[PDB]
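Peer 1: A single structure is presented below for examination.
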Amino acid sequence: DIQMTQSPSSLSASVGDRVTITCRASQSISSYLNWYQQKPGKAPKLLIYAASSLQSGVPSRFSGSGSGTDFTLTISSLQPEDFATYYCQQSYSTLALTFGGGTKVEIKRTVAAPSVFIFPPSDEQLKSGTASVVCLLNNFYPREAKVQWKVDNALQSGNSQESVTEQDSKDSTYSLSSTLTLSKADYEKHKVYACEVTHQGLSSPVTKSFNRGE
Amino acid sequence: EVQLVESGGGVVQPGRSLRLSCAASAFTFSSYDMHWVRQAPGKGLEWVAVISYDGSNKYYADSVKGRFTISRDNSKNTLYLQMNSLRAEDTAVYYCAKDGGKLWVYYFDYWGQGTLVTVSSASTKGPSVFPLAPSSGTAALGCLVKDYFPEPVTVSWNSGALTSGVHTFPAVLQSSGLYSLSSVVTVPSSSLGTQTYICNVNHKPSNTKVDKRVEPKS
Amino acid sequence: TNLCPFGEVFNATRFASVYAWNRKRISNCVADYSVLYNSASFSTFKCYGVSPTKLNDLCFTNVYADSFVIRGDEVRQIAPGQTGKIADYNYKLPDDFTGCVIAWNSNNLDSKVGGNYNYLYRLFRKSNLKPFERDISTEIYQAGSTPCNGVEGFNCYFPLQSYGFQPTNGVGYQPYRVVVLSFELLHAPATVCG
Ligand SMILES: *[C@@H]1O[C@H](CO)[C@@H](O)[C@H](O)[C@H]1NC(C)=O
């Protein structure tokens, strides 16, 4: 099939900057590349079709270009209402419509160091039988932050699942909540529960740990 | 002024069937090819199905071929999508979209707001709310709303009084088929014994209201 | 009355080999595409450059209906930008191809208990085919330094190989009938309309 590689995966720009997003196709499409926009939670909205055709009701600051495989979407002067995720979608494979990965345009801000807090399972939960260890990364930027679970200095993968909030309306920072879920028997079998955190704003990895029942 | 309204979405067991319906308004619905497009939670858009303006041609992608069906009622100005033999991969938000017909190919002119479709096999369950106590430069605490179904659950702090510094994370569908959600709030490390923090959780689908006290570990 | 003769292309009693792909020309006839819509007996149906719904209301100067037969593992090679034996040596479509590819399993018709070998395909060729090229020469392929003077032997092989089509063959090796419609629009009157 046809794969649409959209780059960069995520870029940081301020208002008024000349923003450019590249979309490349696995094979050749004549000019049947379309550009869409989607705000968080809202539905997608059409911006460009036929690779440089502006849709009715769209600001003129958006412009498409490119033919063949390499296509470009340009915002001459960025505006506050333009911070969203932009997708590129090919159509040449008519009955095999494929979309790109998208390029979320974030409010470029300074690098924010996450605040890391580790919460042990509650005694009321331990009565039920399950145990949850909650690792909270607060107010950081960008969202690219690695959360690693260590139990007795043993790396853990597949036991937990993360959840991230959209970019904040006040300081444009993200938050993440990793929930390490396990049974009671697997909880007493180990003593040390840590949460290693790696972020672009950290000069070195930070670990928040606690010993069970101390 | 073109409006598309999706409906019929819900939660359904694997292998069951569901019926989505799109209502078009303020344009000649019977003179345009119509499209369905779904987006999985956290993933991107994926094309699903297309039906002709006259409802004589029906095309689908390989991932759902022989499994979904797309029809339309021009008299009622509606677009139907019957989803038979639903799998876990089908969990997504589904939108109906107008074509436009300005080119030799397909492009999507206007989008509806979409309807959610989740594929799991659990009955309605009341959430279990647990505290997340802080310890000893500010501090942070919270509540854990675990083992509930279906979405959503409304979470507030101090009955809506505590607004700044509160973060309610999106729910995650754990392997059990239920939902787990985390809410937290960061407060100064000083006001930890005087100020009382209670999280108010409400699950209307299960009709469950719970107020949980959150106090530091002792 | 003057409906385009798509019936004798799809419902043809017998088909041709991929290297000797048959071509029919459609001109001066109303194009009723309702036979592709109603017939749900089609396995693969992929159009490039154009859409099928917005095709019954669009004219063309000429249409070409190419017909041949391959195995299922090669049907994916019937498309722009594809490589392989079929794509490179028997039937190639241009990168800017504008048309539709249809393919359906013909294991019930193009198979014999002793193996149906009447359908062939080119195995060797000194260069890749150009778009819409038909090569039917039976010249002995020279694979080694010793030239072949029309004789076979050491590094001198017959360029055509016959398919092995049996009822018990795997789906990837079962026979598939392929119809390729290509539309052209020039600065001339259009005789084919929907
Ligand atoms: C080809 O034959 C089938 C039945 O085998 C028939 O339904 C179809 O209409 C025929 N094609 C045409 C163009 O008439």
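Numbering starts at 1 and runs along the chain as it is shown here.
Per the header of the entry, the method used was electron microscopy, 4.4 Å.
Placement of Cβ uses the backbone N, Cα and C atoms for every residue, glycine included.
According to Swiss-Prot, the protein has these features:
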DISULFID  C:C4-C:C29  disulfide bond
DISULFID  C:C47-C:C100  disulfide bond
DISULFID  C:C59-C:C193  disulfide bond
DISULFID  C:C148-C:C156  disulfide bond
CARBOHYD  C:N11  N-linked glycosylation site
REGION    C:105-176  region 'Receptor-binding motif'
REGION    C:116-124  region 'Immunodominant HLA epitope recognized by the CD8+'
REGION    C:123-158  region 'Disordered'
Peer 1: Work through the disulfide-bonded residues one by one (C:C148, C:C156, C:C193) and name whichever has its CA nearest to the CA of C:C4 (disulfide bond).
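Peer 2: Spatially nearest to C:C4 (disulfide bond) by Cα position is C:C193.
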Peer 1: Sub-8 Å Cβ contact with chain A: please pick out which of the disulfide-bonded residues C:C4, C:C29, C:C47, C:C156 have it.
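Peer 2: Listed disulfide-bonded residues meeting the cut-off: C:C47.
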Peer 1: How far is it from C:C59 (disulfide bond) to C:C156 (disulfide bond), counting Cα to Cα, in Å?
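Peer 2: Distance (Cα to Cα, whole Å): 49 Å.
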Peer 1: For ligand 1, which among the recorded positions C:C4, C:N11, C:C29, C:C47, C:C59 have a CB under 6 Å from it?
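Peer 2: Listed by sequence, the hits are C:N11.
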Peer 1: Tell me, if you would, which residue among C:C47, C:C59 (disulfide-bonded residues) has the fewest other CB atoms within 10 Å in the structure shown?
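Peer 2: Ranked by other Cβ atoms within 10 Å, the disulfide-bonded residues C:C47, C:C59 bottom out at C:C59.
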Peer 1: If one looks at the chain holding C:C148 (disulfide bond), which residues at least 6 apart in sequence have a CB under 8 angstroms from its CB?
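Peer 2: Correct list: C:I140, C:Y141, C:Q142, C:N155, C:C156.
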Peer 1: Counting other Cβ atoms within 10 Å, pick out the least crowded of the disulfide-bonded residues C:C4, C:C193.
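Peer 2: Minimum Cβ neighbour count within 10 Å, taken over the disulfide-bonded residues C:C4, C:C193, occurs at C:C193.
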Peer 1: Mind giving me a neighbour count for C:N11 (N-linked glycosylation site)? Other Cβ atoms within 10 Å of its Cβ, every protein chain shown.
Peer 2: 8
Peer 1: Quick one: Cα separation, C:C47 (disulfide bond) versus C:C193 (disulfide bond), in Å?
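Peer 2: The separation of the Cα atoms works out to 18 Å.
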Peer 1: Tell me, in order along the sequence, which recorded positions from C:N11, C:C29, C:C100 have their CA within 10 Å of C:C193 (disulfide bond).
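Peer 2: For C:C193 (disulfide bond), the recorded positions whose Cα atoms are within 10 Å come to C:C29.
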